[PDB]
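K.L.:
Below is one structure. I have some questions about it.
Protein chains: 2
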Amino acid sequence: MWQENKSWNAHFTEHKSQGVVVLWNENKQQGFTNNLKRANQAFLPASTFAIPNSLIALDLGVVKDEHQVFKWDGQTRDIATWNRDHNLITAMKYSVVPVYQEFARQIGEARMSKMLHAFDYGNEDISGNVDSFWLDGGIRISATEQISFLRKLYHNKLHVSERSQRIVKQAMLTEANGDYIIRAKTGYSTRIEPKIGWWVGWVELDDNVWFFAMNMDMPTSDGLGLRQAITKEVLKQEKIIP
Amino acid sequence: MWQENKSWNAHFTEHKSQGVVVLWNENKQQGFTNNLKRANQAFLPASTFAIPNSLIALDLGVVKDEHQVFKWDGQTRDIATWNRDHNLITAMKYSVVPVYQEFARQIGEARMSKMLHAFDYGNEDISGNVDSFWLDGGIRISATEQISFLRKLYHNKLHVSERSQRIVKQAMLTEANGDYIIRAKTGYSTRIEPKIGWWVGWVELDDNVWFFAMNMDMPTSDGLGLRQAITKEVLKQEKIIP
Ligand SMILES: *C(=O)[C@H]([C@@H](C)O)[C@H]1CC(SCCNC=N)=C(C(=O)O)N1
Ligand SMILES: *C(=O)[C@H]([C@@H](C)O)[C@H]1CC(SCCNC=N)=C(C(=O)O)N1
Ligand SMILES: [Cl-]
Ligand SMILES: [Cl-]
Ligand SMILES: [Cl-]
Ligand SMILES: [Cl-]
């Protein structure tokens with residue numbers, strides 16, 4: 024099921040990094056990883072929680088559709104792309120935490136807990152503030168657990184409406200060309216050590232789908248680009264992308 | 024509120040070509056073109072008919088979803104990408120005419136005629152073979168009529184299910200990056216003169232949608248890349264994409 028290829032460790036050590044890459048081949052039902060222990064270590068999801076958050080908000084009617092405008096509250100925050108109006112698409116593209124905090128408040132602790140357990144999402148513990156539990160609370164998820172959750176979302180197998188899953192997968196669109204399509208979500212956990220960066224999603228090919236989930240130590244914000252770069256080095260090495 | 028900007032003709036003249044580019048700014052509700060007369064001139068849709076054809080097939084249940092396999096009939100044809108199995112996604116990516124001909128045969132003349140009237144699609148005339156009318160029959164559509172049809176599709180306003188419109192817009196995915204998303208469909212009309220190439224779709228920005236419809240004379244197949252190249256030249260000039 025899960026095959027450890029320690030050869031991939033060079034992709035982190037060459038960048039003075041520490042992390043895990045997890046790949047799942049949907050057609051052969053095989054998984055690969057550089058580090059089995061870290062692949063099964065759970066971390067704060069950070070902005071990768073935007074995928075289950077958006078799913079629940081859509082299914083419960085908190086969000087009508089991907090065109091609904093969420094107004095900026097006129098308060099300037101550190102990330103410049105946050106200080107403007109957003110919809111479901113740009114909220115995910117720019118990881119607009121205040122938009123998702125409002126989602127969680129409208130969803131409520133009771134319904135958030137039931138959906139996360141139905142999703143089998145991580146440890147299913149929303150301990151902490153309902154608007155911040157994925158940033159400084161008790162919810163934790165591993166790379167392999169991200170893969171399992173994403174595989175259900177791809178097949179529309181999650182216990183929400185098919186429309187909700189289609190819309191969220193549309194918002195996950197990150198990159199597309201004649202060779203591949205990448206639907207993914209970035210993450211950056213900073214409020215509790217260890218500071219890590221996430222990148223989870225999948226690569227759609229013509230005749231296969233390659234799921235991926237990676238996290239890596241992120242002591243400073245200068246290495247955020249390594250999240251996508253290290254993953255693409257593994258995808259290139261594995262003949263998945265040219 | 025159309026605006027004719029003959030400056031764009033240089034993008035055609037540089038390649039010793041002739042054609043029309045039509046842009047629609049959805050936010051401002053204003054249009055732009057290099058040739059107003061040709062913008063309203065109707066041609067055979069050719070493979071751009073894959074958009075309404077897939078919509079009808081999905082809504083009628085002829086296609087269950089985007090994963091359903093349409094097996095190759097065994098006949099070797101000129102374009103090698105046609106000689107394999109395809110789903111709704113790869114059929115649109117490779118413009119696999121035999122797949123779409125099979126769609127039209129299962130839809131039938133009566134249901135195809137009424138769907139096109141409901142769509143207000145072009146001259147709504149499906150005269151000819153039920154599996155070739157968009158290639159050598161009587162159906163005609165202009166660039167401005169293509170944009171009219173695409174704007175309804177973008178807002179889920181066509182008189183089919185919202186699900187079928189979402190799936191087709193997923194199949195239209197052509198290119199995406201951090202700057203823009205393009206959902207579009209190419210076309211090459213070769214059976215009846217004049218030989219023309221098509222490119223219709225839209226460019227999704229964070230804050231706006233730019234619908235485009237272009238057609239150009241295509242005497243030989245070696246200029247097909249000019250369909251996207253000239254459109255991007257126009258999009259770059261108007262500061263729509265970097
Ligand atoms: C989610 O992981 C976070 C949020 C919890 O802070 C957001 C913030 C960022 S990048 C912030 C720094 N930008 C430039 N220096 C991301 C991200 O994934 O890029 N998500
Ligand atoms: C639709 O417009 C046609 C069909 C009617 O033949 C298909 C064929 C092509 S050409 C593919 C590349 N051939 C040589 N380079 C297209 C197209 O739009 O590219 N659609
Ligand atoms: Cl978030
Ligand atoms: Cl959608
Ligand atoms: Cl076709
Ligand atoms: Cl999409």
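For the record, the sequence lines run as chains A and B.
Per the deposited numbering, the first sequence runs over residues 24 to 265.
Per the deposited numbering, the second sequence runs over residues 24 to 265.
Just so it is clear, CB atoms sit at the ideal spot from N, CA and C, and this is done for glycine as well.
Can you check which of these residues, A:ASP88, A:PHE172 and A:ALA133, is closest to A:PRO68 by C-alpha distance?
P.N.:
A:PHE172
K.L.:
Please return the same chain residues whose Cβ sits closer than 7 Å to the Cβ of B:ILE219, not counting the five positions on each side in sequence.
P.N.:
Closer than 7 Å at the Cβ level, and outside the excluded window around B:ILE219, lie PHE66, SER212, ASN238, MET239, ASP240 and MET241.
K.L.:
Counting along the chain, where does the alpha helix (DSSP H) carrying A:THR36 start and finish?
P.N.:
32 to 36
K.L.:
Could you name the residues of chain B that A:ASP229 contacts, counting a contact when the two beta carbons are closer than 7 Å?
P.N.:
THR113
K.L.:
Based on the DSSP output, what are the partners of A:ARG206 in its beta bridges?
P.N.:
A:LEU196 and A:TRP225
K.L.:
According to DSSP, B:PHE235 sits in a beta bridge with which residue or residues?
P.N.:
B:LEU46 and B:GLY224
K.L.:
Could you please tell me which residues of the segment 233 to 253 of chain B, in chain order, have their CB closer than 8 Å to any CB of chain A?
P.N.:
Cβ proximity to chain A below 8 Å picks out nothing from the segment 233 to 253 of chain B.
K.L.:
Would you kindly work out how many angstroms separate the C-alpha atoms of A:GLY201 and A:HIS140, rounded to a whole number?
P.N.:
Computed Cα separation, rounded: 38 Å.
K.L.:
Say whether chain A places a C-beta atom closer than 8 Å to the C-beta of B:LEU139.
P.N.:
no
K.L.:
Taking 8 Å as the cut-off, decide whether the C-beta atoms of B:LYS175 and B:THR71 are in contact.
P.N.:
no
K.L.:
Assuming A:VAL223 and A:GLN169 are in contact, meaning their beta carbons sit under 8 Å apart, how far apart are those beta carbons, in whole angstroms?
P.N.:
In this structure A:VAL223 touches A:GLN169 by the C-beta definition: roughly 4 Å separates them, less than 8 Å.
K.L.:
Could you give the residue range of the beta strand (DSSP E) that holds residue 14 of chain A?
P.N.:
The shown model of chain A, from 24 to 265, leaves out residue 14 of chain A, and the question about it has no answer.
K.L.:
Using a threshold of 8 Å, state whether the C-beta atoms of A:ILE162 and A:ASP148 are closer than that.
P.N.:
yes
K.L.:
Using 7 Å as the cut-off, classify the Cβ of B:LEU173 as near or not near the heavy atoms of ligand 8, replying yes or no.
P.N.:
Ligand 8 is not part of the structure shown, which contains ligand 1, ligand 2, ligand 3, ligand 4, ligand 5 and ligand 6 as its ligands.
K.L.:
Going by CA-CA distance only, name the one from A:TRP233, A:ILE264, A:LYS255 and A:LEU249 that's closest to A:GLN53.
P.N.:
A:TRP233
K.L.:
Please state if the CB of A:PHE35 and the CB of A:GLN26 are separated by a distance shorter than 8 Å.
P.N.:
no
K.L.:
Go through the segment 119 to 149 of chain A residue by residue and report every complete run of the alpha helix (DSSP H) that reaches 4 residues or more, in order.
P.N.:
120 to 130 and 132 to 141
K.L.:
Within 8 Å, do at least three Cβ pairs link the segment 100 to 114 of chain A to the segment 184 to 196 of chain A?
P.N.:
Verdict: yes, contact present.
K.L.:
Using a Cβ-Cβ cut-off of less than 8 Å, list which residues of the segment 204 to 218 of chain B approach chain A; keep chain order.
P.N.:
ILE204
K.L.:
Would you mind sorting B:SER187 into buried or exposed? The rule is 16 or more other CB atoms within 10 Å of its CB.
P.N.:
buried
K.L.:
Measure from the C-beta of B:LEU78 to each C-beta in chain A and report whether the shortest distance is under 8 Å.
P.N.:
no
K.L.:
Rounded to whole angstroms, how far is the Cβ of A:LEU228 from the Cβ of A:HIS38, which I believe are closer than 8 Å?
P.N.:
No, A:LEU228 and A:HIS38 are not in contact; Cβ-Cβ is about 26 Å, not under 8 Å.
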